[PDB]
Structures are given as structure tokens and as C-alpha cells.
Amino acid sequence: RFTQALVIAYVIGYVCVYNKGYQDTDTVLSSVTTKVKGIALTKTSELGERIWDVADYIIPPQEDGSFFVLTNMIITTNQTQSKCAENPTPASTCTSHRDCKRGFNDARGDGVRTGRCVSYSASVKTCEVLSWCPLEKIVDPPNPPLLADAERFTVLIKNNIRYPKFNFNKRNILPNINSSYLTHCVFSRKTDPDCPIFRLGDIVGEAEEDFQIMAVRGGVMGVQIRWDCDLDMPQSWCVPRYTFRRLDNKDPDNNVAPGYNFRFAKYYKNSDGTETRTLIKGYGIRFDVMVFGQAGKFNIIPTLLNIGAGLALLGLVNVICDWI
């Protein structure tokens, strides 16, 4: 009786009202494109004073729902295919030419051995390798990071979503928005929530991380765009909701393999027409854009069905009162 009343207020309140069992349900199809904007300034020894724009710091220039911003670098310039001393390690160091077998090439060595034992320094000797030479120096990445200015960059996240079942199509560039707004706006929770242009700093900040620490060794940042919509409500809700979360760094007590980095090169022909190359070991933050969402709308079918499934339990309450 109070059991009846409980499970009857349950198959209406819980499952019909609260769990939206009067609704058909579809899940989102999404597409995103991104654009980063900004300049960073570096002074190092020696490129002189250097500026990095979007075509300098986004590697590759286009990905599907992901973007990588360069933050720190170690740059080795004027490399050519030639011979040089390996960088000194237990594995590399040597006393005589005998220590170095010609042709020996192991995954963690600087190249293919000549092999000759040659001076790496005044003090140390090392196997001579055929490689892109000079080798990249062995150093920690700059702190503060070279590309620190990246914190002030902005990224337009453009997102088209569709809900096939409902013939529903929307963009995260909302109808109350227009071109001029995008000429100025930068997303803020308080004053500009509808601006789909985010300061990178703000993204990692809102995830409770510090851009200028992260930009040293790099990392991975998630951007979740959630479109959860009641289409029984007007089409004016069904707006996306952004949340930001740092994706790497699972056991932060660890100094083991921190951050994100990769090597890439730029190639040139010099005077003689022999390839010379610039190698960059870049650190940066990969930004993963992930889109989710579910749209309900009223249909009688799952309502009836859910009610039918509801009475089956609601009566079996009073049935199991006796049936034990």
C-alpha cells in the first residue's frame, strides 16, 4: 500500500520523469575545425630575435579534432650527412678504434659506426658515427620555456553537430553571435561564455594546471564539448558546454617520461647543393577536442513501453509481499 504508492511514484517519478523514459534518444554526430592565432617572441644564442607565428608553431598545420602547439624547443642547426663523435655514454665511449665495430648501429646510438674511436672532448673519446652532424646537444629543455608567449595565443574551436533522428543541426557558433563579436571576443565564463575563441592559458588554467610549467616539458590537454539536449525544450537551449581537463600526467609523483615532445626537421639545399637540415626537438601541448552528447525528444512509444514495464514491477511488489 505504501509499498504500492512507493513503486508507483517510482515508475512515474524515477523512470518516467527523472530518467526521461518518455523520450526517444539519439547521440551526437560531430565535426570540429580549429584555428590558433598569435605570435611568440624568442631571443636565443644565436638566432637573433625571432618570431613564431601559426605556421611556425602548429605541427602539422591541420589535424582532425586535435591541435598541437609548440612550447619549448632544443634546436640543432646546420646538420649535414657526415661523420662525428657520438655523444658520450657507457654505450658510446671508447679507448681504442677496436671498441667501435664498423657498421654497428643500435637504436639508441647517434648513428652508424665508422668505426673509429675519435675525440669527443679533451678528456673523453667516443665512437665516430655517420649521422646528421653536429649531433643535438644533451641538455634539459629551457626553463622558462622559449615559447612562453604561447600562453596568450587564442584558438577558435568551430563545431558542427547533428542529430540524425531529429533532423537537428547546430553549430557552436550560436545564432546570438556574429562576425564582429569574433573579431574581438575571447571566451570567459563570466562575460563571454558564447565566444568560441579560447585563450590557451585559460584552457590549461581552468583545468587547474600552470601553462608556464607545462610548456617546459609539454603535455596533453583535453577539451570536452558536451551537447546534451532536451528537444522538447526550445532549440535555444541545446547549447554546448565546455569543460577542460589535463589528459597526461597520471602518476604526478613520477619524474619518469614526463610531458610530450617530438623531433622534426626543416631541409635546405646549400650553395654546393648538398642537403643541410635543421632539427628541432619540440615540446608542446597537444589539444584534444572531444565532442559528446545525447538528445531526447518526446515519443509515445517508449512512454507506453516504459509504463508497461513499470506496472510489471509495481504489482509484483504486492505479489512478493505474500510470495516469499
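A residue's number is simply how far along the shown sequence it sits, counting from 1.
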Look over 228-236 and 69-77 in the entry and identify the one with the greater average Cα temperature factor.
228-236
Select between 115-123 and 148-156 the stretch whose C-alpha atoms have the higher average B-factor in the entry.
115-123
Which one of 263, 297, 277, 286 shows the biggest C-alpha B-factor in the PDB entry?
297
Between 171, 245, 250, 217, let me know which has the highest C-alpha B-factor in the entry?
250
Lowest, middle or highest third of the chain for the C-alpha temperature factor of residue 33?
lowest
Based on the entry's values, in what third of the chain does the Cα temperature factor of residue 163 lie: lowest, middle or highest?
highest
Should residue 254 be placed in the lowest, middle or highest third of its chain by the C-alpha B factor in the entry?
highest
State the tercile, meaning the lowest, middle or highest third, of residue 54 with respect to the CA B-factors recorded for its chain.
lowest
Split the chain's modelled residues into thirds by Cα B-factor; is residue 290 in the lowest, middle or highest one?
middle
